[PDB]
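Trainee: After the structure tokens below, expect a handful of questions from me.
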Ligand SMILES: *[C@@H]1O[C@H](CO)[C@@H](O)[C@H](O)[C@H]1NC(C)=O
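Residue numbers (the deposited numbering), protein chains in the order written: chain L, 1 to 504; chain S, 52 to 152; chain W, 203 to 252; chain Z, 52 to 101; chain F, 1 to 132; chain G, 1 to 132; chain H, 1 to 75; chain U, 1 to 75; chain P, 1 to 107; chain E, 1 to 107.
Structure, rendered in structure tokens:
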């Protein structure tokens, strides 16, 4: 449920005894945890929301000029004053201009004048700030079993219902026991800080279009500043790059405005992530986090339930996911009550030889009603399959044949783990989460090493990191004393793998 | 005389967008919108899962696109070494106090 | 001779041929069938969708 | 049940042709005909003399 | 309350194009495939085509290939049908209807249907006559 | 004898499309640029556009960009003008005329002109009225 | 008004797709290729330059990359 | 929409002052200096790289220029 | 490909009678069949989805059945509001067709 | 784009008089100017191509002149068939415009 056909999902287990399943919660995929007990659970990060943003310096990219002024002065009488310049609403620059005979100025030679004009502007760039507090995570999770066609479509009553739940997380209130009447308590405690490395992030809204920007880049943009300001005529700062002054070969200086650079800041925005409904409530797309998840109290609701002997029937052609598993929605009337129902698979029967991954443990049916649809899934082994459902003779079976080899499973798992290794960096650790020694060792080694990788190779671009990896390779063959040339090979391969990022 | 060679648009506008989703296996998206060239379209493989229609699932495909209306054309005309024109002025010295264009 | 915002200048036609924006491409009246039509707009899906 | 994936045409017919000549230097041909996609068009540099 | 409404009856020229509107009420406009179905005065019903209010996806039958266009209008929650190159058979009444699990953009009939398959908001029927 | 002929006067709906024909006589149809020029009843003449009978080349003025289409018909030696999205100013009389050295496909006015620049076959004038 | 900072120099190596990567991870290639297609003889220019530095028959191509990769952008 | 062709690569060496030279004959310097001020450790990165090529103590600085001058723009 | 015959062409019966309509298609339409009744100048009447299912609000006076290719609708007891033209139509393969009709008349 | 004034607006004269019309444009139209006269409900009358050239069949009663930007048409002797609205129009740069008119009347 809720995590099928959402590829980039994962399945994580926990070696039973001391529920310690710290998942790397994803705002761009789902994660399903399983346990021999403790009905299998999913978690998917719906949205990310920020409550309060502060109004740091704004920017203007659309300006307008008027009431120009030159204020010529003789080659020797000082240089131009132009009382206009007195005001800051005007932008002015002072230029040495030629002044000859038949030009006034009984002398002649290089004189000077101060060309300038009013700086009126429009289309401000509200570059607000946000901080790791009064931001807000909002997730929804779903246990399997009941709830034919889970399917967020009618989520409204599903958080009121038992199979789905909606959770809000604050850096003030990190804990949340996702309580499911009859199912469990789903203990959760997360790190609402180290998700997106906030406090270096600004919420820019330009043309009612919002996004997040690494505040360093936002500080480095050379447009006019509102600079902190509030109401009152905006005294724009630096006021110069926008307008452009130009004299003739020697004389008569004028000014151009260079119009609006809206699309220019767009093409300069080539790394930000866009963001939506903003109100006093600013929502944004993906951003990960670390969530210690505990199976403290999850009762499976119907381990004693009987296996009512009605004949079961498929409805939809149980296609499989990229993760190899396969979901089926099986309907049946014929019996009543809160039923337990069998679901196994085999290679031969007259054995039924229950084999393979059972994901949707304790599949439960609610009521006496007609052919309830009983959505669930299982995962077959690498060969042909025989998924068996009903009970015995009036059961229903079906071929599968996963067609995914065991070494192939390791392939998909390791390339997935490697992509995690890349994008989550340190956080890719404790993903399969037991508090084991080598786990904290990996966390720490990546901590120091990748932090150095940041501070040294600061924000290496696509092309940059590409050629850096290439020349590191070329050098990894050249140098003697493999000890360091192997380190060249290592960093170069790290760089190239970083260039194998999601971009493909 | 300058001739009107290709112009450029740097200010565009988009509207009436279109996606046209298609199942993992039924071909790939058509989107009769794409039929016109006033619309710009690109075809992308998108995920299509269960509870998403499409009794199958896996990588499906859809063609996102929208109308390309634009403004602020760049008239990049051409000129040739003929029907260009030089214009000079010259002046002999002597008379004409304060010559001074 | 490029005139953009009633602002004119001269450009080495090689550079003018090499600019990757939509082309009117020679054209005259009639709805401008812009060429290459792609670098200007930018497409973006979600992690997998929409 | 079979699904109707892309079809192919191997028997075509042509009509109402169009050329739209243009001087050596006035851009290059527009041909509002090209506007439609029901027409197939290709653009060719041709000699133009006195 | 879930309910569809058509435009008034109309009369057009042979070879012209007629556009009938269909406005929805009582439901989220992006959750129901709009089916158009024709009915000549003495004839039965014959399904014309389908559009999805979301994304403007379209399909029809060969009896109208090249004349039928179907567009969305998400703002007022409406769908607009144009018949082009009108013909003497076009004098009929056309119906628009909401349909099933309109998840993305299609007909999508291998999965389930029914529960007013397309029959809750059959509206009022758009009478069109084609003559001079 | 070199001479042009238009279709009969016509009346259309506002927002419709009107097509006026212009048939030639007395000359090789592929040797004369067809110019279309409008004239409101009380107003003067304003050149609408030009088409070449050969190759169907076209051009017009911005006063009609997006509404005017001009096509050839080499068989009967005719040119067809469509005005789209008709508007209250369209009630006028339109004229078609043969013009100059129609060598390939254009207006081509930097070279010479005249000798009935476009004035031998001005035909009869196509009166069009746009109302209900 | 040089909008200097091409933000790709401050990439976010994060799972969701970034702003305009689609054309970005080809734009510099089309840059250099367009520039050299417009200024061809600069090829053998760079050749005579590099063939006079390094003196390795292996660093020679490296200085070829040097020259052909300063020419496009910083010009 | 990479407005690729920085026209300076097609300068007109003509007596009247060109479009925006005033900031242009400093813009690439401010480019490289800004970029390196933002990515400092890349300095010693380039150093260890170049010191391993050329092997001349004179081409070394040349490859230093190589690296520190591919990094800013094409990134 | 979607040819569906709907028999008979017409019928007329007294009040309180059972009536049955048949529709057989040339194709396999396992359960994707539906039934309406429409007056002249009316939106049709809620009868049947999936050829076996009564819709909410529909009187139990109506029933539908049939599995493979041919399907039977039945009015248990005729009533004055049953005058209409009845239609059966498939849902699959999407050249969606209907029946030409089954017309009623009270005696 | 090629504003062309055609003076006067109207005139009226007796038979056998010379009349002259002027048209000056805001642009340089070196020789690409032409002249017509049209009745209401008529195709116009062969007058002048190239602002200086009589067409075959045109009576020598008419003449046209002018070089740079302003151009003069002249009827040598007025006659009853000269009642019409006279038009001058340029040929260059192709937003082709005409004059609003010069109207005649016999006394
Ligand atoms: C639709 O909502 C109902 C409750 O009204 C719920 O039982 C059902 O599971 C929902 N279906 C989906 C697909 O969300």
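C-beta atoms are modelled at their ideal positions from N, C-alpha and C, and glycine is treated no differently.
Ligand 1 and residue 157(L): does the residue's C-beta get closer than 7 Å to at least one heavy atom of that ligand?
Mentor: Counted from its first residue, the first chain places residue 157(L) at position 157. Correct: residue 157(L) has its Cβ closer than 7 Å to ligand 1.
Trainee: Closest Cβ-Cβ distance between residue 83(S) and chain L: below 8 Å?
Mentor: Taking the second chain and counting its residues from 1, one reaches residue 83(S) at position 32. With 8 Å as the cut-off, residue 83(S) does not count as an interface residue toward chain L.
Trainee: For residue 79(E), which of 7(E), 5(E), 14(E) and 4(E) has the nearest alpha-carbon?
Mentor: The residue given as residue 79(E) occupies position 79 in the tenth chain. The option with the nearest alpha carbon to residue 79(E) is 14(E).
Trainee: Along the chain, where does the alpha helix (DSSP H) that runs through residue 155(L) open and close?
Mentor: Translated into positions along the first chain, residue 155(L) becomes position 155. Counting along the chain, the alpha helix (DSSP H) containing residue 155(L) begins and ends at 155-160.
Trainee: Can the beta-carbon of residue 250(W) be found less than 8 Å from the beta-carbon of residue 306(L)?
Mentor: The sequence position of residue 250(W) within the third chain is 48, counting from 1. The sequence position of residue 306(L) within the first chain is 306, counting from 1. No.
Trainee: Judging by CA-CA distance, which residue of 106(E), 107(E) and 98(E) is the nearest neighbour of residue 38(G)?
Mentor: Working through the sixth chain from its first residue, we reach residue 38(G) at position 38. Among 106(E), 107(E) and 98(E), the Cα nearest to that of residue 38(G) is on 98(E).
Trainee: Does chain Z have any CB closer than 8 Å to the CB of residue 235(W)?
Mentor: Here residue 235(W) corresponds to residue number 33 of the third chain, with the count starting at 1. Judged by the 8 Å Cβ criterion, residue 235(W) is in contact with chain Z.
Trainee: Is the Cβ of residue 1(U) closer than 8 Å to any Cβ of chain W?
Mentor: Residue 1(U) sits at position 1 when you count from the first residue of the eighth chain. Chain W contact via Cβ: present.
Trainee: Residue 95(F) to residue 117(S), Cα distance in whole Å?
Mentor: Counting from one through the fifth chain, the residue named residue 95(F) turns up at place 95. Counting from one through the second chain, the residue named residue 117(S) turns up at place 66. So the alpha carbons of these two residues sit roughly 29 Å apart.
Trainee: Whose Cβ in chain W lies nearer than 9 Å to the Cβ of residue 15(U)?
Mentor: By one-based count along the eighth chain, residue 15(U) stands at place 15. Per Cβ cutoff of 9 Å: no residues; residue 15(U) is ~13 Å from chain W at best.
Trainee: Would you grab the beta carbon distance between residue 5(L) and residue 106(S) for me? Rounded to a whole angstrom, and I think it's under 8 Å.
Mentor: Locating residue 5(L) in the first chain gives position 5, where the first residue counts as 1. Locating residue 106(S) in the second chain gives position 55, where the first residue counts as 1. In fact, because the Cβ distance is near 11 Å, the residues do not count as touching under 8 Å.
Trainee: Which full runs of the beta strand (DSSP E) of 3+ residues lie inside the segment 3-75 of chain G, going along the chain?
Mentor: Correct list: 3-6, 10-12, 18-25, 34-39, 45-51, 58-60 and 68-73.
Trainee: When DSSP labels each residue in this structure, what does residue 35(P) get in the three-state scheme?
Mentor: If you number the ninth chain from 1, residue 35(P) lands on position 35. Of the three classes helix, strand and coil, the one that applies to residue 35(P) here is strand, per DSSP.
Trainee: Name the DSSP beta bridge partners of residue 127(S), please?
Mentor: Numbered from its first residue, the second chain carries residue 127(S) at position 76. Paired residues: 204(W).
Trainee: I'd like to know if residue 28(L) contacts chain W, where contact means its C-beta is closer than 8 Å to some C-beta of that chain.
Mentor: Here the question's residue 28(L) lines up with position 28 in the first chain. So yes, residue 28(L) belongs to the interface.
Trainee: Just to confirm, are residue 357(L) and residue 325(L) a CB contact at a threshold of 8 Å?
Mentor: For the purposes of this step, residue 357(L) is identified with residue 357 of the first chain, where counting begins at 1. For the purposes of this step, residue 325(L) is identified with residue 325 of the first chain, where counting begins at 1. The Cβ-Cβ distance between residue 357(L) and residue 325(L) falls below 8 Å.
Trainee: DSSP on residue 130(G), reduced to helix/strand/coil?
Mentor: Looking up residue 130(G) in the sixth chain gives position 130. Three-state result, residue 130(G): strand.
Trainee: Less than 7 Å between the CB of residue 2(F) and some heavy atom of ligand 3, yes or no?
Mentor: Inclusion of ligand 3 in the displayed structure is not the case, the ligand content consisting of ligand 1 alone.
Trainee: Could one say the Cβ of residue 69(S) lies closer than 8 Å to chain F's Cβ atoms, at least one of them?
Mentor: For the purposes of this step, residue 69(S) is taken as the residue at position 18 of the second chain. Judged by the 8 Å Cβ criterion, residue 69(S) is in contact with chain F.
Trainee: Report yes or no: is there a C-beta of chain H within less than 8 Å of the C-beta of residue 245(W)?
Mentor: Mapped onto the third chain, residue 245(W) falls at position 43. By this cut-off, residue 245(W) is an interface position.
Trainee: Determine whether the Cβ of residue 72(Z) lies closer than 8 Å to any Cβ atom of chain W.
Mentor: Start at 1 with the first residue of the fourth chain, and residue 72(Z) comes out as number 21. Chain W, which has no Cβ nearer than 8 Å to the Cβ of residue 72(Z), makes this no.
Trainee: Among the candidates 16(E), 24(E) and 1(E), whose CA atom is the shortest distance from the CA of residue 7(E)?
Mentor: In the tenth chain, residue 7(E) corresponds to position 7, counting from 1. With distances taken between Cα atoms, residue 7(E) lies closest to 24(E).
Trainee: Could you give the C-beta distance for residue 88(P) and residue 4(P), rounded to a whole number, given that I count them as a contact under 8 Å?
Mentor: Taking the first residue of the ninth chain as position 1, residue 88(P) is located at position 88. Taking the first residue of the ninth chain as position 1, residue 4(P) is located at position 4. Yes, they are in contact, since the Cβ atoms of residue 88(P) and residue 4(P) sit about 7 Å apart, within 8 Å.
Trainee: Name, going along the chain, the residues of the segment 52-67 of chain S whose beta-carbon falls closer than 9 Å to a beta-carbon of chain F.
Mentor: So the close ones are 67.
Trainee: So which residues of chain L does residue 107(S) contact, with C-beta pairs closer than 7 Å?
Mentor: If you number the second chain from 1, residue 107(S) lands on position 56. Simply 319.
Trainee: Could you check where the alpha helix (DSSP H) with residue 265(L) kicks off and where it finishes?
Mentor: Position 265 of the first chain, counted from the start, is the residue given in the question as residue 265(L). First-last of the alpha helix (DSSP H) with residue 265(L): 262-267.
Trainee: Of all Cβ atoms in chain W, is any one closer than 8 Å to the Cβ of residue 123(S)?
Mentor: Start at 1 with the first residue of the second chain, and residue 123(S) comes out as number 72. Yes, contact with chain W.
Trainee: From the DSSP output, read off the bridge partner residues of residue 210(L).
Mentor: Residue mapping note: residue 210(L) aligns to position 210 of the first chain, counting from 1. Secondary-structure assignment with DSSP links residue 210(L) through a beta bridge to 205(L) and 275(L).
Trainee: Step through the CB atoms of chain L and report whether any lies within less than 8 Å of the CB of residue 53(F).
Mentor: Taking the fifth chain and counting its residues from 1, the one referred to as residue 53(F) is at position 53. Chain L contact via Cβ: absent.
Trainee: Using a C-beta cutoff of 8 Å, does residue 220(W) count as contacting chain Z?
Mentor: In the third chain, the residue the question calls residue 220(W) occupies position 18. Taking Cβ atoms only, chain Z never reaches closer than 8 Å to residue 220(W), which makes this a no.
Trainee: So which residues of chain Z does residue 7(G) contact, with C-beta pairs closer than 8 Å?
Mentor: Here the question's residue 7(G) lines up with position 7 in the sixth chain. Those do not exist, as residue 7(G) stays about 20 Å from chain Z at its closest Cβ, beyond 8 Å.
Trainee: I'd like to check one pair, residue 172(L) with residue 52(L): are the Cβ atoms closer than 8 Å?
Mentor: Counted from its first residue, the first chain places residue 52(L) at position 52. Counted from its first residue, the first chain places residue 172(L) at position 172. For residue 52(L) and residue 172(L), no; Cβs fall outside 8 Å.
Trainee: In or out: residue 316(L) buried (at least 16 other Cβ within 10 Å) or exposed?
Mentor: Residue numbering aside, residue 316(L) sits at position 316 when the first chain is read from its first letter. By the 10 Å Cβ count, residue 316(L) comes out buried.
Trainee: Is there a C-beta anywhere in chain E that falls below 8 Å from the one on residue 148(G)?
Mentor: Only positions 1 to 132 of chain G appear in the structure, and residue 148(G) is not among them; the question remains open.
Trainee: Out of 3(U), 46(U) and 65(U), state which residue places its alpha-carbon closest to the alpha-carbon of residue 223(W).
Mentor: Residue mapping note: residue 223(W) aligns to position 21 of the third chain, counting from 1. Checking every option, the nearest Cα to that of residue 223(W) belongs to 3(U).
Trainee: Give the residues from the segment 207-231 of chain W that approach chain L closer than 9 Å (Cβ to any Cβ), ordered along the chain.
Mentor: 207 and 209
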